[PDB]
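Chemist: Mind looking over this structure? Questions follow.
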Amino acid sequence: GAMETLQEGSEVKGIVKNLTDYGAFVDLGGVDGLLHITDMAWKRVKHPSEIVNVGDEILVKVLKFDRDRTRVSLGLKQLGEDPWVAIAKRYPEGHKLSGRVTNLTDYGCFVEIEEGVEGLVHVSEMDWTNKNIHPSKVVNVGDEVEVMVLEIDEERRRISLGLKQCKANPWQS
């Protein structure tokens, strides 16, 4: 059960016998496969020990291969379906969703939609008064709020939301 008959996209279990700061190494039973840290999950994994430890037998998917057959690339997120690929069918543009500001910038506010999904609201569509108003005047990190889908880039892995879509119209009293 190794490079012997394995081919990209195949699913095989291996033993994580080594953990580096850029990835890890799995034993396919006579050959080591490099699992890049960024392939341990859909999120931003910082260390492989977070997801898997030495001497553990997990089910990885072959992503790539070395020059001819020798070494291989493994993954630990392709074993499931990424939430962003279906994000378009879950909640496309126009859908109302409740997020929470996790980060604040000078050009907008970042809002986490869910575990692994984080969108961004531009200063232009977060208030009605200005276009470049500081997002701190509108919201703060930790404030749970509602937003509407404006643009999702599943490829660039970045999401766009609108806050004003959940705000009150000034021409009403």
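Identifiers in this document derive from the order of the structure tokens: chains are assigned A, B, ..., residues are numbered from 1 separately in each chain, and ligands are numbered from 1 in order of occurrence.
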At a cut-off of 8 Å, using only C-alpha atoms, what residues contact residue A:56? Leave out same-chain residues fewer than 5 positions from it and give the result as a PyMOL selection string.

Modeler: chain A and resi 15-17

Chemist: I'd like the neighbourhood of residue A:99 as an NGL selection string, where a residue qualifies if any of its atoms comes within 10 Å (using only C-alpha atoms), though same-chain residues fewer than 4 positions away should be ignored.

Modeler: :A and (110-114 or 117-119 or 143-148 or 161 or 163)

Chemist: Store the residues picked out above, limited to C-alpha atoms, as an mmCIF file, in the first residue's frame.

Modeler:
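Output contents, as saved in out_16.cif:
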```
data_model
loop_
_atom_site.group_PDB
_atom_site.id
_atom_site.type_symbol
_atom_site.label_atom_id
_atom_site.label_comp_id
_atom_site.auth_asym_id
_atom_site.auth_seq_id
_atom_site.Cartn_x
_atom_site.Cartn_y
_atom_site.Cartn_z
ATOM 1 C CA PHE A 110 -13.398 40.977 9.096
ATOM 2 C CA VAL A 111 -16.405 38.898 10.057
ATOM 3 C CA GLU A 112 -16.324 35.155 10.774
ATOM 4 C CA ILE A 113 -19.337 33.438 9.283
ATOM 5 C CA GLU A 114 -18.528 30.028 10.690
ATOM 6 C CA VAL A 117 -15.368 30.709 6.859
ATOM 7 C CA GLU A 118 -14.351 34.322 7.360
ATOM 8 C CA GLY A 119 -15.603 37.186 5.249
ATOM 9 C CA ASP A 143 -19.276 42.264 18.295
ATOM 10 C CA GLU A 144 -21.659 39.769 16.781
ATOM 11 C CA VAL A 145 -23.520 41.231 13.814
ATOM 12 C CA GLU A 146 -25.439 40.400 10.662
ATOM 13 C CA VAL A 147 -24.239 40.666 7.085
ATOM 14 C CA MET A 148 -25.264 39.799 3.536
ATOM 15 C CA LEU A 161 -20.097 40.860 2.944
ATOM 16 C CA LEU A 163 -23.130 45.338 6.810
#
```

Chemist: Calculate how many Å separate atom CA of residue A:135 from atom CA of residue A:43, rounding to one decimal.

Modeler: 25.3 Å

Chemist: Find the residues around residue A:33 up to 8 Å (only C-alpha atoms counted), leave out those fewer than 5 positions away in its own chain, and share them as a compact mmCIF listing (two decimals) with C-alpha atoms, in the first residue's frame.

Modeler:
```
# COMPACT_ATOMS: atom_id res chain seq x y z
CA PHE A 25 6.43 12.66 7.24
CA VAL A 26 4.16 9.64 6.87
CA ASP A 27 5.31 6.05 6.44
CA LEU A 28 3.44 4.33 3.61
CA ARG A 71 8.37 10.56 -2.86
CA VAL A 72 4.77 11.73 -2.52
CA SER A 73 2.55 14.51 -1.18
CA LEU A 74 -0.20 13.76 1.34
```

Chemist: Quote the spacing between atom CA of residue A:66 and atom CA of residue A:21 in Å to one decimal place.

Modeler: 20.4 Å

Chemist: Quick check, in Å to one decimal: how far apart do atom CA of residue A:1 and atom CA of residue A:38 lie?

Modeler: 24.3 Å

Chemist: Kindly indicate which residue among A:46, A:96, A:13, A:89 lies nearest to residue A:149, using only C-alpha atoms for the distances.

Modeler: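 Counting only C-alpha atoms, the residue closest to residue A:149 is A:96.
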
Chemist: I need the residues in stretch 25-169 of chain A that are alpha helix (DSSP H) according to DSSP; give them as a list in words.

Modeler: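 The alpha helix (DSSP H) residues within stretch 25-169 of chain A come out as residues 87, 88, 89 and 90 of chain A.
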
Chemist: Could you write those residues out with C-alpha atoms, as an mmCIF file, in the first residue's frame?

Modeler:
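Result saved to out03.cif:
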```
data_model
loop_
_atom_site.group_PDB
_atom_site.id
_atom_site.type_symbol
_atom_site.label_atom_id
_atom_site.label_comp_id
_atom_site.auth_asym_id
_atom_site.auth_seq_id
_atom_site.Cartn_x
_atom_site.Cartn_y
_atom_site.Cartn_z
ATOM 1 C CA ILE A 87 -20.465 27.712 0.187
ATOM 2 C CA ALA A 88 -22.052 29.008 -3.004
ATOM 3 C CA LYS A 89 -25.030 26.650 -2.579
ATOM 4 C CA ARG A 90 -25.206 27.096 1.198
#
```

Chemist: Hey, could you make a per-residue contact list for stretch 117-166 of chain A against stretch 104-107 of chain A with 12 Å as the cut-off, showing the nearest pair of atoms and its distance in Å to one decimal, counting only C-alpha atoms, sorted by chain and number, as a tab-separated table?

Modeler:
```
residue	atom	partner	partner_atom	distance
A:119	CA	A:104	CA	11.8
A:120	CA	A:104	CA	9.6
A:121	CA	A:107	CA	8.7
A:122	CA	A:107	CA	6.3
A:123	CA	A:107	CA	5.6
A:124	CA	A:107	CA	8.6
A:125	CA	A:107	CA	10.9
A:126	CA	A:107	CA	10.4
A:131	CA	A:107	CA	10.0
A:132	CA	A:107	CA	7.2
A:133	CA	A:107	CA	8.4
A:134	CA	A:106	CA	5.9
A:135	CA	A:106	CA	6.6
A:136	CA	A:104	CA	7.3
A:137	CA	A:106	CA	10.7
A:138	CA	A:104	CA	10.5
A:139	CA	A:104	CA	8.5
A:140	CA	A:104	CA	6.9
A:141	CA	A:104	CA	6.2
A:142	CA	A:104	CA	9.8
A:143	CA	A:104	CA	10.8
```

Chemist: Name all residues at most 12 Å from residue A:4 (count only C-alpha atoms; drop same-chain ones fewer than 5 positions away) and give them as JSON, numbers by chain.

Modeler: {"A": [28, 29, 30, 31, 65, 68, 69, 70, 71, 72]}

Chemist: Write a file of the just-selected residues containing N, CA and C atoms, as an mmCIF file, in the first residue's frame.

Modeler:
```cif
data_model
loop_
_atom_site.group_PDB
_atom_site.id
_atom_site.type_symbol
_atom_site.label_atom_id
_atom_site.label_comp_id
_atom_site.auth_asym_id
_atom_site.auth_seq_id
_atom_site.Cartn_x
_atom_site.Cartn_y
_atom_site.Cartn_z
ATOM 1 N N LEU A 28 4.410 5.058 4.427
ATOM 2 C CA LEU A 28 3.438 4.333 3.613
ATOM 3 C C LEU A 28 3.784 2.857 3.623
ATOM 4 N N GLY A 29 4.746 2.511 4.458
ATOM 5 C CA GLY A 29 5.213 1.153 4.529
ATOM 6 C C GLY A 29 6.426 0.953 3.655
ATOM 7 N N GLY A 30 7.451 1.772 3.890
ATOM 8 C CA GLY A 30 8.686 1.662 3.130
ATOM 9 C C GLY A 30 9.028 2.921 2.355
ATOM 10 N N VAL A 31 8.183 3.938 2.453
ATOM 11 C CA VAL A 31 8.444 5.204 1.786
ATOM 12 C C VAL A 31 7.816 6.347 2.571
ATOM 13 N N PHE A 65 3.099 13.776 -6.461
ATOM 14 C CA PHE A 65 4.164 12.790 -6.479
ATOM 15 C C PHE A 65 5.494 13.465 -6.812
ATOM 16 N N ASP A 68 9.651 11.018 -10.378
ATOM 17 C CA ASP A 68 8.924 10.012 -11.135
ATOM 18 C C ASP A 68 7.904 9.277 -10.263
ATOM 19 N N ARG A 69 8.391 8.561 -9.239
ATOM 20 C CA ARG A 69 7.483 7.875 -8.313
ATOM 21 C C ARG A 69 7.913 8.034 -6.848
ATOM 22 N N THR A 70 9.237 8.028 -6.654
ATOM 23 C CA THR A 70 9.913 8.051 -5.341
ATOM 24 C C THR A 70 9.120 8.648 -4.153
ATOM 25 N N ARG A 71 9.049 9.968 -4.018
ATOM 26 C CA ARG A 71 8.366 10.559 -2.862
ATOM 27 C C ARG A 71 6.947 10.964 -3.234
ATOM 28 N N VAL A 72 6.159 11.396 -2.255
ATOM 29 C CA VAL A 72 4.771 11.732 -2.519
ATOM 30 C C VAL A 72 4.268 12.837 -1.594
#
```

Chemist: Identify which of the residues A:35, A:2, A:59, A:41 lies closest to residue A:115, counting only C-alpha atoms when measuring atom-to-atom distances.

Modeler: A:41

Chemist: Mind checking DSSP for stretch 19-118 of chain A and telling me the strand (DSSP E) residues as an MDAnalysis selection string?

Modeler: chainID A and resid 19 23:27 32:36 56:65 72:75 96:104 108:114 117:118

Chemist: Find, counting only C-alpha atoms, the residue in A:61, A:129, A:76, A:55 that gets nearest to residue A:167.

Modeler: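 For residue A:167, the nearest of the candidates is A:129.
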
Chemist: Using only C-alpha atoms, which protein or nucleic acid residues come within 9 Å of residue A:48? Drop anything in the same chain fewer than 6 positions from it, and give the result as a PyMOL selection string.

Modeler: chain A and resi 19-24+35-38+40

Chemist: When you look at residue A:42 with a cut-off of 9 Å (counting only C-alpha atoms), what residues show up, excluding the ones that are within fewer than 5 positions of it in the same chain? I need them as a VMD selection string.

Modeler: chain A and resid 76 to 78 82 to 83 116

Chemist: Could you take the residues named above and write them with N, CA and C atoms, as a PDB file, in the first residue's frame?

Modeler:
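Output saved as part31.pdb:
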```pdb
ATOM      1  N   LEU A  76      -4.578  16.020   4.501  1.00  0.00           N
ATOM      2  CA  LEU A  76      -5.457  15.661   5.598  1.00  0.00           C
ATOM      3  C   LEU A  76      -6.724  16.511   5.610  1.00  0.00           C
ATOM      4  N   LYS A  77      -7.036  17.148   4.481  1.00  0.00           N
ATOM      5  CA  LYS A  77      -8.250  17.955   4.400  1.00  0.00           C
ATOM      6  C   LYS A  77      -9.123  17.525   3.217  1.00  0.00           C
ATOM      7  N   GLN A  78      -8.486  16.936   2.221  1.00  0.00           N
ATOM      8  CA  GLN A  78      -9.165  16.463   1.009  1.00  0.00           C
ATOM      9  C   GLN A  78      -9.943  15.190   1.293  1.00  0.00           C
ATOM     10  N   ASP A  82     -14.468  20.310   1.407  1.00  0.00           N
ATOM     11  CA  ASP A  82     -14.179  21.657   1.893  1.00  0.00           C
ATOM     12  C   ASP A  82     -15.475  22.472   1.950  1.00  0.00           C
ATOM     13  N   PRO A  83     -15.716  23.240   3.027  1.00  0.00           N
ATOM     14  CA  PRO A  83     -16.955  24.014   3.170  1.00  0.00           C
ATOM     15  C   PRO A  83     -17.088  25.168   2.176  1.00  0.00           C
ATOM     16  N   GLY A 116     -14.124  28.148   9.848  1.00  0.00           N
ATOM     17  CA  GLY A 116     -13.392  27.982   8.608  1.00  0.00           C
ATOM     18  C   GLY A 116     -13.801  28.989   7.552  1.00  0.00           C
TER      19      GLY A 116
END
```

Chemist: I'd like to know which of A:93, A:79, A:157, A:49 is closest to residue A:12, using only C-alpha atoms.

Modeler: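 Under the stated criterion, the closest residue is A:79.
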